[PDB]
Every structure is written in C-alpha cells, then in structure tokens.
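Reading through the structure tokens given below for one structure.
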Amino acid sequence: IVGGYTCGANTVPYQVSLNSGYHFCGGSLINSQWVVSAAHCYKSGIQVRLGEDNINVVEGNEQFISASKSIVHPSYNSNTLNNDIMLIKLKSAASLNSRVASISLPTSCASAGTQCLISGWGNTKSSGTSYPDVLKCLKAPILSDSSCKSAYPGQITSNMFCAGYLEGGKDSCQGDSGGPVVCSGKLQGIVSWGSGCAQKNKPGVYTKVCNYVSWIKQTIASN
Ligand SMILES: [Ca+2]
C-alpha cells in the first residue's frame, strides 16, 4: 500500500497473509473454513496466516492453517486478468473472536463514489521498494466505470472496477495482491492489477466480487 497508514494490530480481522515460506499475497476470510484471494496468487503449498499484524514476529494472535484445496475461477484468464478470483479451503476451521473474523459478501454491488478500505503488506513505494512488516491501510473511493476505462483502454471488463486516486500517490501495490477492498462492511473487491503503483491516471484495478457471490456460495456448499 502506497500512501496509506498503519492499520493497527488486528483492526482488519478478515485480512489474511498467504505464506509459502514467505508472505506472497493477501486474502480475505469469508467463513471459518474459506478464504477469497486473487487467481493470480495461485500456487501449491499455501499456509494461510490469520490474526497477523507484524508478519515477521509472532505477536500472540496468529492462527497458521495449511490450505487443503485451492479453486481458481473456472474462467480465469491470466493474460487479461478477467475473473481474477480464487477460493482457498483451510484444513481446519479458524477460531473466530474479534481479532480473527470473517467479512460478509456483498448482497449488492457497490457504486462509484463509495468509500472503501484496502489493506495489505505490499510495497509502500511508488518508485523502488520497501515492504512493511505491519499491515497497511488505505481509504479510497470506487471510481466510475468511464474513468476506469479511460485510464486503461481496452482492458477493463465487467468483472473489474477501479478504485483510488487519479492524481497518483495512493494505491495498492505488489504484495497486496489478493487482499480486500471492503466497503460498508462488505467485501466488494480483490486487489488485482494496475500499471505500476500510485501513478498518475493509473488507478488500482480490482476484481468485482459482487459478480461472484453465486459461484462462491455454490462452491463452498459442495467442497
Ligand atoms: Ca505475526
């Protein structure tokens, strides 16, 4: 997260870190057994780390649970990032309390102008590289479809939305991938892609979670 703030430990209780020997992506806990992330975050041998603040220090609220299964969206295209969503099942159920909690799925899509909270452990610089140990946060609005398409001609599908600031300076970034965009207490987006980070006229692009609620529910019901 570039141009954000330190969230505070365990203030974003649905935020998870996906770990394969190291943090590589975010995700969102949606029930005791299941995490939503980006399909571009797929790999084998994932351990899901819940209750994290400093990802390099055991601070006392962590739950580390290996994944038993990953399900990439049936129509994910890695070239265009259309349908950039993946579900991960935990080998055991997480213990839920106020520091580790699920986030609700949307019942309606969000509108441009809605304010949201984007979070993660990704790069905090727009030029060059610095990875934080503690969770970073950014409040940002959803942008209009027209501004999003104008920013990224030929690239924005109906399964994507832009959020952030056209002026630059405030965005998600590498290492935030897969993590949440939460608006009014609902998971509306997944950190997906963008051109660089925090660049002028190049806002963040996010998977439009409201389009996938049916798929998520039916997949959980049968897996
Ligand atoms: Ca920790």
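All heavy atoms count here, side chains included; hydrogens, waters and symmetry mates do not. Each residue takes its place number in the sequence, starting with 1. Order of appearance sets the numbers: ligands from 1, and atoms from 1 within every ligand.
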Identify which one of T157, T207, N77 satisfies the side chain to side chain donor-acceptor pair (under 3.5 Å) criterion when paired with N82.
-> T157
Where do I118 and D176 land on the side chain to side chain contact (heavy atoms under 4.5 Å, CB included) test, with the steps shown first?
-> CA-CA 9 Å; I118 309 180; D176 295 319; over 6 Å; no
To the nearest 10 degrees, how large is the angle at the Ca ion (ligand 1) between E62 OE2 and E52 OE1?
-> 100°
Among side-chain atoms of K69 and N223, is any donor-acceptor pair under 3.5 angstrom?
-> yes
Polar side chain donor-acceptor pair, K136 to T6, under 3.5 angstrom | yes
Using 3.0 Å as a strict upper limit, say whether an N, O or S atom of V57 approaches the Ca ion (ligand 1) that closely.
-> yes
Please determine if the Ca ion (ligand 1) has an N/O/S atom from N54 lying under 3.0 Å away.
-> yes
Tell me whether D53 has at least one N, O or S atom under 3.0 Å from the Ca ion (ligand 1).
-> no
